[PDB]
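Here's data_16.pdb, which has PDB, N, CA and C atoms and all ligand atoms:
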```pdb
ATOM      1  N   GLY A 195      78.260 122.059  34.210  1.00  0.00           N
ATOM      2  CA  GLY A 195      79.431 121.183  33.977  1.00  0.00           C
ATOM      3  C   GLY A 195      79.294 119.805  34.612  1.00  0.00           C
ATOM      4  N   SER A 196      78.042 119.354  34.844  1.00  0.00           N
ATOM      5  CA  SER A 196      77.754 118.017  35.399  1.00  0.00           C
ATOM      6  C   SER A 196      78.035 116.925  34.342  1.00  0.00           C
ATOM      7  N   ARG A 197      79.319 116.556  34.240  1.00  0.00           N
ATOM      8  CA  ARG A 197      79.830 115.611  33.242  1.00  0.00           C
ATOM      9  C   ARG A 197      81.087 114.938  33.823  1.00  0.00           C
ATOM     10  N   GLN A 198      82.198 115.710  33.861  1.00  0.00           N
ATOM     11  CA  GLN A 198      83.491 115.310  34.450  1.00  0.00           C
ATOM     12  C   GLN A 198      84.304 116.589  34.721  1.00  0.00           C
ATOM     13  N   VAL A 199      84.466 116.935  36.009  1.00  0.00           N
ATOM     14  CA  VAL A 199      85.256 118.103  36.452  1.00  0.00           C
ATOM     15  C   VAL A 199      85.554 117.995  37.962  1.00  0.00           C
ATOM     16  N   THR A 200      86.828 118.196  38.336  1.00  0.00           N
ATOM     17  CA  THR A 200      87.270 118.208  39.745  1.00  0.00           C
ATOM     18  C   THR A 200      87.730 119.621  40.146  1.00  0.00           C
ATOM     19  N   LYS A 201      87.584 119.966  41.439  1.00  0.00           N
ATOM     20  CA  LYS A 201      88.107 121.218  42.018  1.00  0.00           C
ATOM     21  C   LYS A 201      89.144 120.887  43.093  1.00  0.00           C
ATOM     22  N   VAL A 202      90.216 121.701  43.200  1.00  0.00           N
ATOM     23  CA  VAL A 202      91.286 121.497  44.225  1.00  0.00           C
ATOM     24  C   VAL A 202      91.782 122.857  44.754  1.00  0.00           C
ATOM     25  N   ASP A 203      92.631 122.806  45.802  1.00  0.00           N
ATOM     26  CA  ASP A 203      93.216 123.999  46.459  1.00  0.00           C
ATOM     27  C   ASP A 203      94.441 124.522  45.680  1.00  0.00           C
ATOM     28  N   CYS A 204      94.616 125.853  45.721  1.00  0.00           N
ATOM     29  CA  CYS A 204      95.765 126.557  45.119  1.00  0.00           C
ATOM     30  C   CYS A 204      96.915 126.556  46.126  1.00  0.00           C
ATOM     31  N   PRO A 205      97.991 125.734  45.908  1.00  0.00           N
ATOM     32  CA  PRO A 205      99.083 125.526  46.911  1.00  0.00           C
ATOM     33  C   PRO A 205      99.742 126.844  47.396  1.00  0.00           C
ATOM     34  N   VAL A 206      99.647 127.896  46.564  1.00  0.00           N
ATOM     35  CA  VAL A 206     100.271 129.195  46.842  1.00  0.00           C
ATOM     36  C   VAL A 206      99.350 130.113  47.706  1.00  0.00           C
ATOM     37  N   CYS A 207      98.088 130.358  47.250  1.00  0.00           N
ATOM     38  CA  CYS A 207      97.183 131.380  47.878  1.00  0.00           C
ATOM     39  C   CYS A 207      96.012 130.743  48.673  1.00  0.00           C
ATOM     40  N   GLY A 208      95.705 129.462  48.393  1.00  0.00           N
ATOM     41  CA  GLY A 208      94.782 128.662  49.217  1.00  0.00           C
ATOM     42  C   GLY A 208      93.317 128.861  48.861  1.00  0.00           C
ATOM     43  N   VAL A 209      93.008 128.788  47.555  1.00  0.00           N
ATOM     44  CA  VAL A 209      91.623 128.912  47.039  1.00  0.00           C
ATOM     45  C   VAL A 209      91.191 127.637  46.278  1.00  0.00           C
ATOM     46  N   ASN A 210      89.887 127.296  46.349  1.00  0.00           N
ATOM     47  CA  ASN A 210      89.323 126.106  45.671  1.00  0.00           C
ATOM     48  C   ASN A 210      88.604 126.508  44.374  1.00  0.00           C
ATOM     49  N   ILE A 211      88.994 125.854  43.263  1.00  0.00           N
ATOM     50  CA  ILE A 211      88.480 126.145  41.901  1.00  0.00           C
ATOM     51  C   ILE A 211      88.647 124.911  40.982  1.00  0.00           C
ATOM     52  N   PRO A 212      87.811 124.780  39.871  1.00  0.00           N
ATOM     53  CA  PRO A 212      87.890 123.630  38.927  1.00  0.00           C
ATOM     54  C   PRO A 212      89.269 123.491  38.267  1.00  0.00           C
ATOM     55  N   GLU A 213      89.560 122.260  37.805  1.00  0.00           N
ATOM     56  CA  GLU A 213      90.898 121.801  37.370  1.00  0.00           C
ATOM     57  C   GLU A 213      91.593 122.754  36.368  1.00  0.00           C
ATOM     58  N   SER A 214      90.818 123.312  35.443  1.00  0.00           N
ATOM     59  CA  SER A 214      91.312 124.275  34.451  1.00  0.00           C
ATOM     60  C   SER A 214      91.721 125.613  35.126  1.00  0.00           C
ATOM     61  N   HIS A 215      90.800 126.149  35.952  1.00  0.00           N
ATOM     62  CA  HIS A 215      90.923 127.485  36.556  1.00  0.00           C
ATOM     63  C   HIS A 215      91.988 127.487  37.678  1.00  0.00           C
ATOM     64  N   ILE A 216      92.151 126.334  38.356  1.00  0.00           N
ATOM     65  CA  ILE A 216      93.085 126.189  39.487  1.00  0.00           C
ATOM     66  C   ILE A 216      94.524 126.057  38.994  1.00  0.00           C
ATOM     67  N   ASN A 217      94.723 125.287  37.900  1.00  0.00           N
ATOM     68  CA  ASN A 217      96.051 125.113  37.283  1.00  0.00           C
ATOM     69  C   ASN A 217      96.609 126.467  36.842  1.00  0.00           C
ATOM     70  N   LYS A 218      95.732 127.280  36.225  1.00  0.00           N
ATOM     71  CA  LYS A 218      96.075 128.647  35.811  1.00  0.00           C
ATOM     72  C   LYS A 218      96.355 129.533  37.052  1.00  0.00           C
ATOM     73  N   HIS A 219      95.501 129.409  38.102  1.00  0.00           N
ATOM     74  CA  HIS A 219      95.592 130.263  39.317  1.00  0.00           C
ATOM     75  C   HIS A 219      96.950 130.085  39.989  1.00  0.00           C
ATOM     76  N   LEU A 220      97.324 128.820  40.251  1.00  0.00           N
ATOM     77  CA  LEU A 220      98.541 128.475  41.006  1.00  0.00           C
ATOM     78  C   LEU A 220      99.808 128.804  40.197  1.00  0.00           C
ATOM     79  N   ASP A 221      99.689 128.707  38.860  1.00  0.00           N
ATOM     80  CA  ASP A 221     100.765 129.051  37.913  1.00  0.00           C
ATOM     81  C   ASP A 221     101.095 130.558  37.980  1.00  0.00           C
ATOM     82  N   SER A 222     100.036 131.372  37.939  1.00  0.00           N
ATOM     83  CA  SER A 222     100.124 132.839  38.018  1.00  0.00           C
ATOM     84  C   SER A 222     100.422 133.301  39.467  1.00  0.00           C
ATOM     85  N   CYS A 223     100.013 132.475  40.443  1.00  0.00           N
ATOM     86  CA  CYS A 223     100.179 132.749  41.887  1.00  0.00           C
ATOM     87  C   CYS A 223     101.610 132.479  42.351  1.00  0.00           C
ATOM     88  N   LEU A 224     102.272 131.504  41.688  1.00  0.00           N
ATOM     89  CA  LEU A 224     103.687 131.145  41.936  1.00  0.00           C
ATOM     90  C   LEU A 224     104.575 132.393  41.671  1.00  0.00           C
ATOM     91  N   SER A 225     104.075 133.273  40.787  1.00  0.00           N
ATOM     92  CA  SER A 225     104.700 134.565  40.489  1.00  0.00           C
ATOM     93  C   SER A 225     104.208 135.649  41.473  1.00  0.00           C
ATOM     94  N   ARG A 226     102.866 135.798  41.595  1.00  0.00           N
ATOM     95  CA  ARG A 226     102.242 136.906  42.355  1.00  0.00           C
ATOM     96  C   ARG A 226     101.128 136.393  43.291  1.00  0.00           C
ATOM     97  N   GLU A 227     101.527 135.901  44.487  1.00  0.00           N
ATOM     98  CA  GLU A 227     100.620 135.645  45.644  1.00  0.00           C
ATOM     99  C   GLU A 227      99.508 134.581  45.354  1.00  0.00           C
TER     100      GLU A 227
HETATM  101 ZN    ZN B   1      95.805 131.178  43.537  1.00  0.00          ZN
END
```
Could you render the structure as structure tokens?
Amino acid sequence: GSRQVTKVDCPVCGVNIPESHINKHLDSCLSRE
């Protein structure tokens, strides 16, 4: 994916993942941990 991609922390559970995977993680985490 060496083109354009950022990774950030999950405000709910505190994990680092790419922009697509993190948005989904924190969305599902806002419900369950
Ligand atoms: Zn999460």
Hey, could you make a per-residue contact list for chain A against ligand ZN 1 (chain B) with 6 Å as the cut-off, showing the nearest pair of atoms and its distance in Å to one decimal, counting only C-alpha atoms and all ligand atoms, sorted by chain and number, as JSON lines?
```
{"residue": "A:204", "atom": "CA", "partner": "B:ZN1", "partner_atom": "ZN", "distance": 4.9}
{"residue": "A:206", "atom": "CA", "partner": "B:ZN1", "partner_atom": "ZN", "distance": 5.9}
{"residue": "A:207", "atom": "CA", "partner": "B:ZN1", "partner_atom": "ZN", "distance": 4.6}
{"residue": "A:209", "atom": "CA", "partner": "B:ZN1", "partner_atom": "ZN", "distance": 5.9}
{"residue": "A:219", "atom": "CA", "partner": "B:ZN1", "partner_atom": "ZN", "distance": 4.3}
{"residue": "A:220", "atom": "CA", "partner": "B:ZN1", "partner_atom": "ZN", "distance": 4.6}
{"residue": "A:223", "atom": "CA", "partner": "B:ZN1", "partner_atom": "ZN", "distance": 4.9}
```
* Two-atom distance - atom C of residue 196 of chain A, atom N of residue 224 of chain A (Å) ->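 Those two atoms sit 29.2 Å apart.
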* To do: Please write as a list in words the full residue list that the PyMOL selection byres (((chain A and resi 214-217 and name CA) around 8) and not hetatm and name CA) yields on this file.
  =>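 Written out, the selection comes to residues 201, 202, 203, 204, 210, 211, 212, 213, 218, 219, 220 and 221 of chain A.
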* Go through chain A and collect every residue that DSSP, computed from the backbone, puts in helix (DSSP H, G or I); the answer should be as a VMD selection string. => chain A and resid 213 to 223
Write out as AutoDock Vina command-line options an axis-aligned box for segment 203-216 of chain A: all of its atoms listed in the file, 4 Å added on each side, centre and edge lengths in Å with one decimal.
```
--center_x 94.0 --center_y 126.6 --center_z 41.8 --size_x 20.5 --size_y 17.6 --size_z 22.8
```
* Could you please determine the separation between atom CA of residue 225 of chain A and atom CA of residue 208 of chain A in Å, to one decimal place? =>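 Pair atom CA of residue 225 of chain A / atom CA of residue 208 of chain A returns 14.5 Å.
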* Could you jot down the atom C of residue 199 of chain A to atom C of residue 227 of chain A separation for me, Å, one decimal place? => 22.9 Å
